[PDB]
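One structure below.
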Amino acid sequence: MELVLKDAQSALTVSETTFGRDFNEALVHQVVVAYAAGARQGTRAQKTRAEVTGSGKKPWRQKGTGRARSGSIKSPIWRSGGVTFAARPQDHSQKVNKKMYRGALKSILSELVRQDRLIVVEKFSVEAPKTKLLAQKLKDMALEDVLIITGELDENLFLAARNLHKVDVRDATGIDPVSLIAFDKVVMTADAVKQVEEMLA
Amino acid sequence: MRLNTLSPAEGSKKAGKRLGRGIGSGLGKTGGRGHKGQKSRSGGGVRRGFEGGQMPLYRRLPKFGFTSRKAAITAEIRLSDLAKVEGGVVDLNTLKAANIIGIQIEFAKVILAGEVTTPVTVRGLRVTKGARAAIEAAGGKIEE
Amino acid sequence: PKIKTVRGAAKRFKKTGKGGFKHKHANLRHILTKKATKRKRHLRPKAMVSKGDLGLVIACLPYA
Amino acid sequence: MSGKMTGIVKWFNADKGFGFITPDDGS
Amino acid sequence: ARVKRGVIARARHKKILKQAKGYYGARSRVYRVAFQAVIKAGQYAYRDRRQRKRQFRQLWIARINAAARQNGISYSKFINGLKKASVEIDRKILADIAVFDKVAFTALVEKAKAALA
RNA sequence: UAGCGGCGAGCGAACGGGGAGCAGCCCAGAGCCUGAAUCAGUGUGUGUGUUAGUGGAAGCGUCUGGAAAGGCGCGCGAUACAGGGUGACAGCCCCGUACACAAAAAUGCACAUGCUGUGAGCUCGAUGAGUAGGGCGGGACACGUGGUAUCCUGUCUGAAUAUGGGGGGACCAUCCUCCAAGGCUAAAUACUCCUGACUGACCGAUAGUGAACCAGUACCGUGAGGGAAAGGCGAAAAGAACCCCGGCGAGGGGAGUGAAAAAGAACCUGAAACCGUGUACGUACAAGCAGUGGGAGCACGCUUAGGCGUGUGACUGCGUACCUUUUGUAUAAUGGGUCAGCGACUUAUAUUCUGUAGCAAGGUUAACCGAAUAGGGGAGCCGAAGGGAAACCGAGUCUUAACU
Ligand SMILES: [Mg+2]
Ligand SMILES: [Mg+2]
Ligand SMILES: [Mg+2]
Ligand SMILES: [Mg+2]
Ligand SMILES: [Mg+2]
Ligand SMILES: [Mg+2]
Ligand SMILES: [Mg+2]
Ligand SMILES: [Mg+2]
Ligand SMILES: [Mg+2]
Ligand SMILES: [Mg+2]
Ligand SMILES: [Mg+2]
Ligand SMILES: [Mg+2]
Ligand SMILES: [Mg+2]
Ligand SMILES: [Mg+2]
Ligand SMILES: [Mg+2]
Ligand SMILES: [Mg+2]
Ligand SMILES: [Mg+2]
Ligand SMILES: [Mg+2]
Ligand SMILES: [Mg+2]
Ligand SMILES: [Mg+2]
Ligand SMILES: [Mg+2]
Ligand SMILES: [Mg+2]
Ligand SMILES: [Mg+2]
Ligand SMILES: [Mg+2]
Ligand SMILES: [Mg+2]
Ligand SMILES: [Mg+2]
Ligand SMILES: [Mg+2]
Ligand SMILES: [Mg+2]
Ligand SMILES: [Mg+2]
Ligand SMILES: [Mg+2]
Ligand SMILES: [Mg+2]
Ligand SMILES: [Mg+2]
Ligand SMILES: [Mg+2]
Ligand SMILES: [Mg+2]
Ligand SMILES: [Mg+2]
Ligand SMILES: [Mg+2]
Ligand SMILES: [Mg+2]
Ligand SMILES: [Mg+2]
Ligand SMILES: [Mg+2]
Ligand SMILES: [Mg+2]
Ligand SMILES: [Mg+2]
Ligand SMILES: [Mg+2]
Ligand SMILES: [Mg+2]
Ligand SMILES: [Mg+2]
Ligand SMILES: [Mg+2]
Ligand SMILES: [Mg+2]
Ligand SMILES: [Mg+2]
Ligand SMILES: [Mg+2]
Ligand SMILES: [Mg+2]
């Protein structure tokens with residue numbers, strides 16, 4: 001599988017089972033859903049009738065009066081009563097198998113290739129940590145909404161990309177499927193390709 | 001391929017019942033529960049094996065047997081598992097290193113199941129007749 | 001939490017190869033001099049649990 | 001006043017009612 | 001999440017309360033009575049789509065029987081005449097002719113009598 | 001799971017394995033060398049926090065509009081496009097933010113060191129008696145006295161003591177292992193009255209704390225105690241000078257402010273029930289779930305008059321509400337005065353089945369590490385072999401002396 005490069009107009013040999021796999025939408029949808037469920041914090045609670053501040057006394061007697069039977073003022077049918085099925089803090093994280101996660105990444109990286117949403121360059125550096133320099137470089141590349149994966153830790157690039165919301169900069173380890181989809185273009189360093197292909201076999 | 005183009009597979013997501021939301025849903029006022037039983041009650045239902053007051057089957061019937069502690073420390077081995085060890089020799093410590101039988105195991109038999117295609121020295125283990133023939137045919141050497 | 005096994009049924013039944021349960025026959029614990037030997041001889045061997053009352057056993061023995 | 005209503009409910013039922021007013025055991 | 005259901009329940013009640021216009025009293029004002037009255041009106045409408053076809057046929061027949069006895073023959077002789085004369089005119093049209101064109105109804109009567117004689 | 005168990009309902013380990021974290025010491029005693037390790041206290045010094053704070057980038061024109069932060073143009077900042085406010089939605093208006101710094105004084109935590117106290121190490125010893133154990137009665141151990149080990153002890157007793165003793169689940173023998181009847185000891189662990197920062201597929205005033213508001217108040221109760229309701233003018237009060245009716249009233253009409261007063265303080269939006277005024281039609285010889293089907297007339301709009309709509313509805317055919325519960329209800333069986341708001345099959349973990357997806361005779365990790373939804377981790381679990389009570393045998397096995 002060969003990936004032509006943008007700047008030097010060379011090639012780069014990759015695994016076809018990685019970058020030419022057919023797009024398995026149901027797998028990718030499962031993984032993207034589980035990622036967005038993993039982001040989910042799940043911090044809420046309501047009060048039951050057990051937890052409502054009150055007293056456990058019958059507001060009136062059982063019979064004799066003309067009113068309906070009642071046992072508790074904390075009743076979930078009363079105003080300022082309990083919630084019937086009051087919630088607890090719960091964990092919404094799903095399990096994704098490892099081979100399913102890699103199948104999804106190999107699917108959407110193959111799809112970004114088929115959609116020409118993947119750009120491969122040898123190097124992507126900014127000299128000084130300036131967002132003005134980064135916006136100039138991306139304008140020269142004709143890029144606005146982009147993910148930038150670099151096989152190294154470039155701090156000037158992180159700082160120059162921190163203020164731009166259209167732009168995100170990742171390590172090759174810190175890539176995610178939802179960000180590979182949510183961004184319009186993806187720029188990979190060829191070293192970052194070598195690391196991604198090695199991780200993903 | 002965007003986040004607004006994904007759709008799951010057919011038959012993957014099924015809706016799920018929502019009892020007590022109208023006539024048209026089917027699951028109307030009672031919600032699949034019928035009328036005026038114990039089963040229709042909240043928390044209602046009888047425990048396992050309850051046949052009314054009739055003597056349940058697990059008490060009509062007698063207990064039998066006992067439990068062998070030695071059976072917990074015995075194991076059976078396929079012939080296909082013999083290749084997963086290294087060195088071509090088969091012990092208990094070799095099989096435990098190959099994660100086949102487990103640590104607490106003290107006894108093991110080799111059983112005619114699967115097939116082996118390599119000479120393997122078997123040492124200190126019981127062997128069935130068909131496994132003895134298959135090992136000796138593939139070049140093995142059963143010893144103690 | 002885990003389901004708890006009904007331990008009497010675990011002492012009374014054993015799962016076979018195809019998923020059925022074997023069990024001992026009744027009526028072979030006492031009062032044995034008036035029973036014919038044919039009857040006892042047909043009561044010593046273990047029998048399979050019938051299809052009707054196999055559901056209550058599976059409900060009691062979730063862990064085989 | 002629903003607090004003077006508290007009185008109303010709290011004790012126009014705690015008045016307790018006197019009782020049935022026909023000496024009849026339908027016995 | 002706490003779905004608050006005031007908008008939906010209001011529009012759901014107003015769909016019924018619009019259908020209940022013209023009704024007396026609380027049947028046009030009160031959802032509990034109106035909904036109970038709208039359903040009965042749909043029941044009656046389903047029923048009376050069937051009864052319309054009965055009642056007009058009954059009206060047509062009574063008008064034919066009158067105009068035929070004006071020409072001196074009953075209905076049951078007149079339909080039998082037109083069957084034996086093979087005339088397949090339905091009795092809507094026969095009642096219309098019996099009102100607006102009595103000459104053609106007379107001609108139909110004489111055709112039926114000639115079919116009987 | 002093994003077991004315990006009216007062997008019922010139910011209770012429920014351990015060995016062993018993977019991890020987090022890891023730390024060892026002293027007295028039952030004399031000497032010898034003497035201050036030697038360590039700890040504690042108290043000073044000082046250094047560093048790092050905390051308790052006030054400082055600086056902190058870059059925008060104009062035009063259009064609409066009451067008002068520009070909006071639209072259309074043209075620029076600039078960014079290690080700062082977190083957030084909030086500003087007359088409508090502001091990277092460049094303000095407060096901040098990123099980043100860079102800052103403490104007279106007090107204090108925390110580290111080190112370092114001074115002083116005070118503390119003893120270090122070597123040799124030879126000694127090695128926790130009304131105790132262990134036992135009898136009786138109870139309790140705890142998963143173990144309900146059972147064949148019940150082990151631990152505790154209310155009561156009665158009662159050893160040996162290093163050549164000795166305890167345990168290894170009745171018990172004996174052998175073997176292994178350990179040394180009770182004296183103590184100390186960090187970490188990993190548990191929690192949040194409280195403080196600070198941040199976050200939310202949490203609520204948005206019948207919700208959320210009982211309490212968004214002078215709420216544990218008002219109020220109730222002898223008392224313990226119970227325990228509410230109640231948010232929003234407008235950008236800005238500019239909160240209506242003055243005039244008039246009226247009781248030197250209430251309330252209202254003007255005028256005026258304002259973008260707006262059908263935003264006027266009983267103040268955003270202002271639904272429904274409920275109550276009215278006005279117009280059209282119908283209605284005072286007519287009997288009943290009040291409608292429906294037909295249908296005259298009247299009024300009103302459109303229109304090529306074509307006739308359609310709309311409202312009413314004389315007369316007429318049919319027609320005894322809904323729910324629930326029931327063999328069965330117009331039922332004179334239940335329930336509901338009406339409106340509006342709330343109000344009932346959920347959640348967690350196990351298990352099975354179906355569907356779907358991944359890998360496939362294999363599949364999969366948990367804890368945890370990790371800056372970290374990756375990757376590692378295969379401890380384990382399920383499955384590919386079963387039969388038998390079991391030893392055991394093994395594609396067979398059990399039964400039986402043996403199976404046609
Ligand atoms: Mg009480
Ligand atoms: Mg309240
Ligand atoms: Mg509440
Ligand atoms: Mg993982
Ligand atoms: Mg049904
Ligand atoms: Mg019911
Ligand atoms: Mg019943
Ligand atoms: Mg039932
Ligand atoms: Mg209940
Ligand atoms: Mg009985
Ligand atoms: Mg293993
Ligand atoms: Mg017996
Ligand atoms: Mg909401
Ligand atoms: Mg109305
Ligand atoms: Mg400042
Ligand atoms: Mg500034
Ligand atoms: Mg506005
Ligand atoms: Mg000792
Ligand atoms: Mg003792
Ligand atoms: Mg004893
Ligand atoms: Mg005792
Ligand atoms: Mg004693
Ligand atoms: Mg002892
Ligand atoms: Mg033993
Ligand atoms: Mg000790
Ligand atoms: Mg409240
Ligand atoms: Mg409100
Ligand atoms: Mg008082
Ligand atoms: Mg006034
Ligand atoms: Mg009001
Ligand atoms: Mg407003
Ligand atoms: Mg208002
Ligand atoms: Mg109104
Ligand atoms: Mg009249
Ligand atoms: Mg009249
Ligand atoms: Mg009447
Ligand atoms: Mg009509
Ligand atoms: Mg009812
Ligand atoms: Mg009844
Ligand atoms: Mg029924
Ligand atoms: Mg009855
Ligand atoms: Mg009837
Ligand atoms: Mg009545
Ligand atoms: Mg009734
Ligand atoms: Mg009743
Ligand atoms: Mg009633
Ligand atoms: Mg399930
Ligand atoms: Mg499945
Ligand atoms: Mg056989």
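Just so we're on the same page: first chain in the structure tokens is A, next is B, and so on; residues restart at 1 for each chain, and ligands are numbered from 1 in the order they show up.
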Shell of 9 Å around region 51-66 of chain E, only C-alpha atoms (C1' of nucleotides), local chain residues under 4 positions omitted, as an MDAnalysis selection string: (chainID E and resid 47 70:71 73:76 78 91:96 98:99) or (chainID F and resid 293:294 317:318)
Alpha helix (DSSP H) residues, from DSSP on the backbone, in chain C, as a VMD selection string: chain C and resid 7 to 10 37 to 41 55 to 60
Near-ligand residues for ligand 16, threshold 12 Å, only C-alpha atoms (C1' of nucleotides) and all ligand atoms, as JSON, numbers by chain: {"F": [55, 56, 57, 58, 77, 80, 91, 92, 93, 94, 95, 96, 97, 98]}
CA of residue 166 (chain A) to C1' of residue 79 (chain F), straight-line distance in Å: 17.3 Å
Residue 83 (chain A) environment, 8 Å, only C-alpha atoms (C1' of nucleotides), sequence neighbours closer than 4 positions dropped, as a PyMOL selection string: chain A and resi 46-49+76
7 Å contact set for region 12-23 of chain C, only C-alpha atoms (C1' of nucleotides), chain neighbours under 5 positions out, as a PyMOL selection string: (chain B and resi 58+61-64) or (chain C and resi 46-49+64)
Can you spit out the residues from that selection as a CSV table (one decimal), in the first residue's frame, using N, CA, C and O atoms?
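Wrote it out as result_22.csv, contents follow:
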chain,number,residue,atom,x,y,z
B,58,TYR,N,-36.4,-31.5,44.3
B,58,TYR,CA,-35.2,-31.6,45.0
B,58,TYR,C,-35.3,-32.0,46.4
B,58,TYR,O,-34.2,-32.0,47.1
B,61,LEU,N,-36.5,-36.2,46.0
B,61,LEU,CA,-35.4,-37.1,45.5
B,61,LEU,C,-34.3,-37.1,46.5
B,61,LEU,O,-34.0,-36.2,47.2
B,62,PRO,N,-33.6,-38.3,46.6
B,62,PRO,CA,-32.5,-38.5,47.6
B,62,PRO,C,-31.2,-37.9,47.1
B,62,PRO,O,-30.9,-37.8,45.9
B,63,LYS,N,-30.4,-37.5,48.1
B,63,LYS,CA,-29.0,-37.2,47.9
B,63,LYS,C,-28.2,-38.5,47.5
B,63,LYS,O,-28.5,-39.6,47.9
B,64,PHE,N,-27.1,-38.3,46.8
B,64,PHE,CA,-26.2,-39.4,46.5
B,64,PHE,C,-24.8,-38.9,46.3
B,64,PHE,O,-24.5,-37.7,46.0
C,46,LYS,N,-29.3,-44.7,37.9
C,46,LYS,CA,-29.7,-43.3,37.8
C,46,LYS,C,-30.5,-43.1,36.6
C,46,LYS,O,-30.3,-43.7,35.5
C,47,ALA,N,-31.5,-42.2,36.7
C,47,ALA,CA,-32.4,-41.9,35.6
C,47,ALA,C,-32.2,-40.4,35.2
C,47,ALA,O,-31.8,-39.6,36.0
C,48,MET,N,-32.7,-40.1,34.0
C,48,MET,CA,-32.7,-38.7,33.6
C,48,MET,C,-33.9,-37.9,34.0
C,48,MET,O,-35.0,-38.5,34.2
C,49,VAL,N,-33.7,-36.7,34.3
C,49,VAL,CA,-34.8,-35.8,34.6
C,49,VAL,C,-35.6,-35.5,33.4
C,49,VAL,O,-35.1,-35.2,32.3
C,64,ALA,N,-24.6,-25.1,36.6
C,64,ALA,CA,-24.4,-26.5,36.2
C,64,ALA,C,-24.2,-27.4,37.4
C,64,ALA,O,-24.8,-27.1,38.4
Contacts of region 83-95 of chain B at 10 Å (only C-alpha atoms (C1' of nucleotides); same-chain gap of 2+ positions) as a ChimeraX atom specification: /B:77,79-81,97-103,105-108,115-125,140-142,144
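All residues, whether protein, DNA or RNA, that have an atom at most 7 Å from ligand 12 (counting only C-alpha atoms (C1' of nucleotides) and all ligand atoms) are residues 28, 29 and 30 of chain C.
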Protein and nucleic acid residues within 12 Å of ligand 28 (only C-alpha atoms (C1' of nucleotides) and all ligand atoms) as a ChimeraX atom specification: /F:218-223,225
Counting only C-alpha atoms (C1' of nucleotides), collect the residues of chain F whose closest atom lies at most 7 Å from chain B, and write them out as a PDB file with N, CA and C atoms (P, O5', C5', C4', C3', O3' and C1' of nucleotides), in the first residue's frame.
ATOM      1  P     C F 345     -42.938   3.012  35.401  1.00  0.00           P
ATOM      2  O5'   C F 345     -42.290   1.567  35.273  1.00  0.00           O
ATOM      3  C5'   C F 345     -41.098   1.270  35.971  1.00  0.00           C
ATOM      4  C4'   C F 345     -40.653  -0.161  35.839  1.00  0.00           C
ATOM      5  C3'   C F 345     -40.414  -0.662  34.429  1.00  0.00           C
ATOM      6  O3'   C F 345     -39.327  -1.581  34.421  1.00  0.00           O
ATOM      7  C1'   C F 345     -42.055  -1.986  35.448  1.00  0.00           C
ATOM      8  P     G F 355     -30.490 -15.841  16.737  1.00  0.00           P
ATOM      9  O5'   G F 355     -30.306 -14.291  16.499  1.00  0.00           O
ATOM     10  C5'   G F 355     -31.291 -13.577  15.794  1.00  0.00           C
ATOM     11  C4'   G F 355     -31.157 -12.096  15.993  1.00  0.00           C
ATOM     12  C3'   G F 355     -29.886 -11.484  15.464  1.00  0.00           C
ATOM     13  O3'   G F 355     -29.920 -11.275  14.078  1.00  0.00           O
ATOM     14  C1'   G F 355     -30.302 -10.657  17.609  1.00  0.00           C
ATOM     15  P     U F 356     -28.649 -11.670  13.205  1.00  0.00           P
ATOM     16  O5'   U F 356     -27.593 -10.560  13.581  1.00  0.00           O
ATOM     17  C5'   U F 356     -27.887  -9.221  13.278  1.00  0.00           C
ATOM     18  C4'   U F 356     -26.963  -8.267  13.971  1.00  0.00           C
ATOM     19  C3'   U F 356     -25.500  -8.515  13.735  1.00  0.00           C
ATOM     20  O3'   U F 356     -25.035  -8.025  12.507  1.00  0.00           O
ATOM     21  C1'   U F 356     -25.859  -8.091  16.007  1.00  0.00           C
ATOM     22  P     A F 389     -22.993 -43.058  39.419  1.00  0.00           P
ATOM     23  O5'   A F 389     -21.967 -42.213  40.271  1.00  0.00           O
ATOM     24  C5'   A F 389     -22.446 -41.119  41.011  1.00  0.00           C
ATOM     25  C4'   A F 389     -21.707 -40.911  42.300  1.00  0.00           C
ATOM     26  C3'   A F 389     -20.201 -40.851  42.209  1.00  0.00           C
ATOM     27  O3'   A F 389     -19.736 -39.566  41.874  1.00  0.00           O
ATOM     28  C1'   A F 389     -20.842 -42.252  43.981  1.00  0.00           C
ATOM     29  P     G F 394      -7.032 -45.928  29.763  1.00  0.00           P
ATOM     30  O5'   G F 394      -8.029 -45.079  28.872  1.00  0.00           O
ATOM     31  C5'   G F 394      -8.982 -45.723  28.065  1.00  0.00           C
ATOM     32  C4'   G F 394     -10.048 -44.766  27.601  1.00  0.00           C
ATOM     33  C3'   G F 394      -9.556 -43.627  26.741  1.00  0.00           C
ATOM     34  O3'   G F 394      -9.480 -43.981  25.379  1.00  0.00           O
ATOM     35  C1'   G F 394     -10.969 -42.792  28.426  1.00  0.00           C
TER      36        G F 394
END
